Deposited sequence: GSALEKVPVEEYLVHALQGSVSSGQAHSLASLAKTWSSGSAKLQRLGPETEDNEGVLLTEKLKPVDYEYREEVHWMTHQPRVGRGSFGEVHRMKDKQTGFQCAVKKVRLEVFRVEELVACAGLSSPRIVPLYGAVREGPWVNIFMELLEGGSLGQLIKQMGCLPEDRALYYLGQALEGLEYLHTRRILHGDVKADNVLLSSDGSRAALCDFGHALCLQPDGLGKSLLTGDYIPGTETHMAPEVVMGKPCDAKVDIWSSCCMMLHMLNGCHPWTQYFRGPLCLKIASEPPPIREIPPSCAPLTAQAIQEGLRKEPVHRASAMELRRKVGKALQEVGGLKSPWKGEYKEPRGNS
């Protein structure tokens, strides 16, 4: 009714506004329009067009699975951030709706979203430490205490999301970004998200996902523990032993055989409680974050350097 009227006032234009206005407009995304949420990205005469009001980094390099994430500059403000390009035809409303208006240290801030032609350009804080995925490739694999430290932070983000009945849907190293000193980790990429009451990465898929069963917040927990194994071992679960990986996840025992023997007992225990095949038996974000918290205390806290020495994968 009035929502109809607000939406009309937003269509056809790029404006500065609040998270709720971006959500409402987003819903119409199944021509240059959208909403910018920070003072640092500013429309000019109803517009925000690539290579006119904003420009991506000089020689076009990119991050993400599809090389779709870029460093960018507002031409007027000079402010630097990041953009994820999503194809309009494939844009999921939920990537913005389950995202806009959140505010947590453990979740990457949304800066706005603008439609231009066949593109939905989603803007966000540029996290300069890169992704946890890049770190793992750089370092070979992570020390136990660093792995726990980041797993806890990811879990705090999941706590925050789960309380709001948002499923992340693709929890993994590649989707955990780091500040420039490595001390702050945050969840990004809500391209797979779903609001509770296009699938994630196959290796990190929970059995109930793979089997087509009913899914809740607990899927994120399983994914996060697969990510933990990725951190410790320097490779995804199921890689070493296995054919289509989605068949083995359903039938086979959880990949707890991949917990390194070197890990401390409570680290091992925690990964096991997050890798229970049945969701009822699997730990919640709150439960697991607490365990992982003491797990990190049990190995003397965070001590190892963020970029220490290389360590060979398994």
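Trainee: How would you list, in order, the spans of the deposited sequence that the model does not cover?
Mentor: Counting from residue 1, the stretches without coordinates are 1-7, 38-51, 219-231, 277, 350-352.
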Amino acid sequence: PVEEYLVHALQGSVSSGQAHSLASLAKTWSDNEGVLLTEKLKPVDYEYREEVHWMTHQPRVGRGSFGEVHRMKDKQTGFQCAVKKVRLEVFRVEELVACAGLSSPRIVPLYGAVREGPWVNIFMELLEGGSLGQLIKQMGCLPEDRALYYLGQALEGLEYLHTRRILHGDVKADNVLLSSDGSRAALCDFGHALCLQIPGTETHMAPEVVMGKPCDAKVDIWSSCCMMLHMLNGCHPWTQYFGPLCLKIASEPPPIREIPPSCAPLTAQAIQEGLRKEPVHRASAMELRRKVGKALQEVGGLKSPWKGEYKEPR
From here on, numbers count along this sequence of modelled residues.
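For clarity, a rigid core is taken as the largest C-alpha set superposing within 1.5 Å between two forms.
Trainee: Of the stretches 96-104 and 161-169, which sits farther from where it is here in 8 other deposited structures of this protein, on average over its Cα atoms, after fitting the core?
Mentor: Most displaced of the pair in 8 other deposited structures of this protein: 96-104.
Trainee: Fit on the core, then compare CA atoms: does 173-181 or 67-75 lie farther from this form in 8 other deposited structures of this protein?
Mentor: Most displaced of the pair in 8 other deposited structures of this protein: 67-75.
Trainee: Mean CA B-factor: is it higher for 212-220 or for 80-88?
Mentor: Between 212-220 and 80-88, it is 212-220.
Trainee: Tell me which stretch, 47-55 or 248-256, has the higher mean Cα B-factor listed in the entry.
Mentor: It is 248-256.
Trainee: Which is it among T239, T201, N233, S104: the one with the largest CA B-factor in the entry?
Mentor: Out of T239, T201, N233, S104, the record gives the largest C-alpha B-factor to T239.
Trainee: Highest Cα temperature factor in the entry, among the options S183, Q138, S131, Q153: which one is it?
Mentor: Checking the PDB record, the top C-alpha B-factor among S183, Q138, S131, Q153 is at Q138.
Trainee: When the deposited Cα B-factors of this chain's modelled residues are ordered and cut into thirds, is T38 in the lowest, the middle or the highest one?
Mentor: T38: CA B-factor falls in the middle third of its chain.
Trainee: Rank-wise, by C-alpha B-factor, drop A285 into the lowest, middle or highest third of its chain.
Mentor: Lowest third - that is where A285 ends up once the chain's C-alpha B-factors are sorted.
Trainee: Among the modelled residues of its chain, does the C-alpha B-factor of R71 lie in the lowest, middle or highest third?
Mentor: Middle third by C-alpha B-factor.
Trainee: Going by what the PDB entry lists, where does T267 fall on CA B-factor within its chain: lowest, middle or highest third?
Mentor: For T267, the deposited C-alpha B-factor lands in the lowest third.
Trainee: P305: which third of its chain by C-alpha temperature factor?
Mentor: Answer is highest: the recorded C-alpha B-factor places it there.
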